[PDB]
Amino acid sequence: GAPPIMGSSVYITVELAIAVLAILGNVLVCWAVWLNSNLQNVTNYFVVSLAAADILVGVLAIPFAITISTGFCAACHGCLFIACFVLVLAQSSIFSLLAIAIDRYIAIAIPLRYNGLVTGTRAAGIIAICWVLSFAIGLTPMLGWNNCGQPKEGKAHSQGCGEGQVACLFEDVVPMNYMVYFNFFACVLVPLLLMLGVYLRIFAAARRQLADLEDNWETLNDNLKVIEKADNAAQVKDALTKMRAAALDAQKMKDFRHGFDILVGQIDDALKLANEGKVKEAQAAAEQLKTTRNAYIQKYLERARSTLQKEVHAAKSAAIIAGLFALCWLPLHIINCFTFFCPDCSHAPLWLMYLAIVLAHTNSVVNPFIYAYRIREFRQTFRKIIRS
């Protein structure tokens, strides 16, 4: 039985190193958004709420974790707060992560209404509500779902605790049914699975929209060929009718409108000549469409594909963030499930408990790195900030 201060010393030093790094990186995120108007958008207001939660892991939840690892004598309700505050911060992260995912789904599914529907003012109201809800969920044990009514009095007396105090230890005061059913299943795993569903819808929508862009391009070009080797006016007509419909369809910014105006106009010219039974004149007219395609429609296609690919890249960055939160927190939640559902199983050993706790805390360090590696406007703003 090694002096407890030695293992304690390692755990505490590591927690402190994590806290420094969580503060530094996430302050840098907040400073970048504050300084750069190109980063000031609704998506990034949720990014900042998430960075604030991670700053608070460093300033408060890690000092609290260090404290409760000592098992110091405390009033049971003050102990609860120490124990549970980190659950407020985690819940808030889950809400910011779910908000980010929904925001990106709206942006790809209804880009036309996104700006009128998702506003900064509404985003700030939603962030305030989510913080209130996170306090309610994470401090639910302080509302009575706790083990304070059943204190471990032999353990309190061995440590010399005073009357009404307990040894302040996480699994002595926080019920494991709360941790597994309420906190993990309902409040963590359900949201994370919802996030997964949303990201699946974002990526399927992008892939549908890119395939439609290419279809339309291919349709335009096939129908041109159809026209070229048509032999009677009626065939030219049918293929122009399909082109016209697709054109007004693809229509759904001045240099872009002028291109589709030319396009539809030239189709109409050709249709009219076809309807008068002037096949050669119609085919020649239709050939002019090639100039418009080269000088306008291709540029349209290329910019639309590029916007979509940017949205896909951005949605992957956001999903990496959500996936890393799951990876860092799931080991602890899974251990709790073993403790709870398998009372015939030996408790996970202390070294693994503390490993799982610091892994969860490390999540508060990783997001600024994902932003720097994957989002140029962040990377570049971090550079300017650091260089200055």
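All residue numbers are counted from 1 along the displayed sequence. Rigid core here is just the name for the largest C-alpha set that superposes within 1.5 Å across the two forms.
J.: For a rigid core alignment of each structure in 8 other deposited structures of this protein onto the shown form, which stretch has the higher root mean square Cα deviation: 226-234 or 125-133?
T.: The more displaced stretch in 8 other deposited structures of this protein turns out to be 226-234.
J.: Core fit done; bigger CA RMS in 8 other deposited structures of this protein for 242-250 or for 91-99?
T.: This comes out as 242-250, the stretch further from the shown form in 8 other deposited structures of this protein.
J.: Tell me whether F182 is absent from the model in at least one third of the other entries compared, counting only those where the residues either side are present.
T.: Counting only entries that model residues on both sides, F182 is resolved in every one of them.
J.: Does the comparison with other PDB entries of this protein show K290 lacking coordinates in a third or more of them, where both adjacent residues are built?
T.: Looking at the other entries that model residues on either side of it, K290 is present in every one.
J.: Please count the deposited residues lying between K229 and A230 that the model leaves without coordinates, and give the class: none, 1 to 3, 4 to 9, or 10 or more.
T.: Missing in between: none.
J.: Decide which of the stretches 68-76 and 258-266 has the higher mean C-alpha B-factor, going by the entry.
T.: Higher of the two, by average CA B-factor, is 258-266.
J.: 19-27 versus 367-375: which one carries the higher mean Cα B factor per the record?
T.: If you average the C-alpha B-factors of 367-375 and of 19-27, the larger mean comes out for 367-375.
J.: If you check the C-alpha B-factor for each of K152, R305, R201, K225 in the entry, which is highest?
T.: Comparing C-alpha B-factors across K152, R305, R201, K225, the maximum falls on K225.
J.: Between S92, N146, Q235, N183, where does the Cα B-factor run highest in the record?
T.: Answer, based on the entry's C-alpha B-factors: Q235.
J.: Taking the C-alpha B-factors as the PDB entry records them, is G125 in the lowest, middle or highest third of its chain?
T.: Middle third.
J.: Which third of the chain holds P111 when residues are ordered by C-alpha B factor: lowest, middle or highest?
T.: It belongs to the highest third of the chain when residues are ordered by C-alpha B-factor.
J.: Give the position of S317 by CA B-factor within its chain, expressed as the lowest, middle or highest third.
T.: It falls in the middle third of the chain.
J.: Per the entry's values, where does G164 land by CA temperature factor relative to the rest of its chain, in the lowest, middle or highest third?
T.: Ranked within chain, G164 CA B lands in the highest tercile.
J.: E311: which third of its chain by C-alpha temperature factor?
T.: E311: CA B-factor falls in the middle third of its chain.
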